[PDB]
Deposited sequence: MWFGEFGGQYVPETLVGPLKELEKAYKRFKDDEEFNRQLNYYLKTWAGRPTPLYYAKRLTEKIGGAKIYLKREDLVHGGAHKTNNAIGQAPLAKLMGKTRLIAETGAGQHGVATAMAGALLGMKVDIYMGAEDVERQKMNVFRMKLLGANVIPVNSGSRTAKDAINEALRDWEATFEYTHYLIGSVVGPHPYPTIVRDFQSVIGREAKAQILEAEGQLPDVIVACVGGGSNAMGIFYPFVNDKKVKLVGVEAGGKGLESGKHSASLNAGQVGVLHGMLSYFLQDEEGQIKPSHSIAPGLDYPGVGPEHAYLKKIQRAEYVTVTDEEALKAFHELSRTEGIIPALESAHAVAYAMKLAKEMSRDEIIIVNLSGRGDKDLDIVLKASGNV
């Protein structure tokens, strides 16, 4: 329910029933042999798991310190770690007798991931998306329609992600009998933060096993970018108990901390209730965020990261638009891997951290996705 004081289930009574039903359904299937046989089989044959753990040899020699490994989630079907979550939540919903999936999206990336999972399982999929987001993300919207999903633009208020979230809550409230709300990150009321993190944990369990095979030891640092925080928890969570591993989350520094134009909820937001959870967001009411990485452009952050920060298990830092962009070009030229701009934040801070560390130390960076979707954006910038 909670992670320290963070988390919770602060929703209108109308949503309490649907949430307990989700929580009970999850408790039953989570460890179920048959449900896990279906999920591991989709992740293998359909999604491509396991993803490799890659030694960035040339980048490492260039900077001069720590060995840099990349967890290559960029190679997941769809090009983004979000697939892991969406393909876990979709079959679950079908086991509860749901014929429909809804979800909201800002950058369009969870939109794509959900439409894909829906196509696979033959469920209807409706995606809420602010009309201003729709215009900015022409290609993700087309991807969604290609996969057979309906994209409902929201043409009220600020016409942004905040307006789309609310419209999806009102929808689910009306249609939970047959509809599952497929939340995209480790946010929202219990049990979503836990469910999402459990479905992304596969990343860390593989990474863990892959670095023991390659180096004979656990890593010294694990770096990962943080929007809501699903890829970060995914890779962090199997190492939470291992005291020797530093966990570093990298939030979107945007145009700089002092400009207002960033998405550093943990580093600069205040605690509050939002989206049915107690955590950090930028604010009284939500204030707008910004990031060149569209997936990091979300006012809030996960309550389990809020917790890890409070108890100091994990450290959180920022990287600017300019820093991520240079790391986008760096990894491309030096390793032949074009990273998602979200992932480039992690890479950019890994590059800074490596410089100050010893040649015998080890950083693993969660390369949360590939850069193909971001080519237009980088072309306007450069």
{"property": "Sequence ranges absent from the coordinates, based on the deposited chain and numbered from 1", "result": "284-286, 386-388"}
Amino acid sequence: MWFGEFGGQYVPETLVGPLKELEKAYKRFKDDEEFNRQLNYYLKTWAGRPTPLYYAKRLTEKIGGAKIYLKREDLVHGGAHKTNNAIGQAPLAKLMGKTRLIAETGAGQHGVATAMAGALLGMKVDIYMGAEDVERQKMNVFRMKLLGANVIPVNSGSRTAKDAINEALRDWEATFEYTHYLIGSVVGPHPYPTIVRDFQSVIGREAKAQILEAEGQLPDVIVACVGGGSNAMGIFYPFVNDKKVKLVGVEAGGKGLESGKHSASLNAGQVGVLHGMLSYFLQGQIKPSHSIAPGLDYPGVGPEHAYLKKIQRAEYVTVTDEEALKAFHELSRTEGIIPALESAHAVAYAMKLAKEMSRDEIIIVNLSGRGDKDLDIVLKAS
From here on, numbers count along this sequence of modelled residues.
query: Mean C-alpha temperature factor, higher of 227-235 and 250-258; finding: 250-258
query: Of 149-157 and 110-118, the stretch whose C-alpha atoms average the higher B-factor in the entry; finding: 149-157
query: Most elevated Cα B-factor in the entry, residues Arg136, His81, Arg143, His305; finding: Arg136
query: Residue selected from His190, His77, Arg72, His275 by maximal Cα B factor; finding: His275
query: Third of the chain's Cα B-factor distribution that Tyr280 belongs to, per the entry; finding: middle
query: Modelled-residue ranking by C-alpha temperature factor, third containing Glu23; finding: middle
query: Lowest, middle or highest third - CA B-factor, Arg49; finding: lowest
query: B-factor third for the C-alpha atom of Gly97 within its chain; finding: highest
query: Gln9, C-alpha B-factor rank within chain (lowest, middle or highest third); finding: middle
